[PDB]
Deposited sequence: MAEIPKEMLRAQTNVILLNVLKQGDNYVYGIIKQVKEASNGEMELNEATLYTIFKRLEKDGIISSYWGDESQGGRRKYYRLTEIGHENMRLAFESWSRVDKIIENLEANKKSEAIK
């Protein structure tokens, strides 16, 4: 079994990395992820929009419009910084664990 809180986290990481590659709109994101996952992850629009409201509510991402009009989502600098801390944070965890194996 896997904690649902944990799959929700993974999906967040993947999404944030997509915007890290560059700004994008929802349909392009699921497509990009569906491809990169070779088909195992078909994200549903409804739950995905639900997640993006939280991130914008956290200022981690912003949104805007551009044409063929589509609403694009941007990785904010605050989002950029948080991702750095998180990866650096999680990097220390991997080191803690490796030491434990001694």
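Q: Report the unmodelled segments of the deposited sequence as residue ranges counted from 1.
A: Since the structure holds only modelled residues, the stretches it omits are 1-2, 70-73, 109-116.
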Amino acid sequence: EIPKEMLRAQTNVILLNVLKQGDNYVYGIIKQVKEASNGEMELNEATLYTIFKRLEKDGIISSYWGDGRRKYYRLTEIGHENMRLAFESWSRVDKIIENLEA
From here on, numbers count along this sequence of modelled residues.
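Superpose the two forms; the largest set of C-alphas matching within 1.5 Å is the rigid core.
Q: After a rigid core fit, does 73-81 or 43-51 show more C-alpha displacement in 4 other deposited structures of this protein?
A: The more displaced stretch in 4 other deposited structures of this protein turns out to be 43-51.
Q: Superpose on the core, then say which of 11-19 and 87-95 ends up with the larger RMS Cα offset from this form in 4 other deposited structures of this protein.
A: Between 87-95 and 11-19, greater C-alpha deviation in 4 other deposited structures of this protein belongs to 87-95.
Q: Is the mean CA B factor in the deposited entry higher across 33-41 or across 68-76?
A: Comparing averages over the C-alpha atoms only gives 68-76.
Q: Quick check on the record: does 77-85 or 11-19 carry the larger mean Cα temperature factor?
A: Averaging CA B-factors over each stretch, the winner is 77-85.
Q: According to the PDB entry, is the CA B factor of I97 in the bottom, middle or top third of its chain, that is, lowest, middle or highest?
A: Answer is lowest: the recorded C-alpha B-factor places it there.
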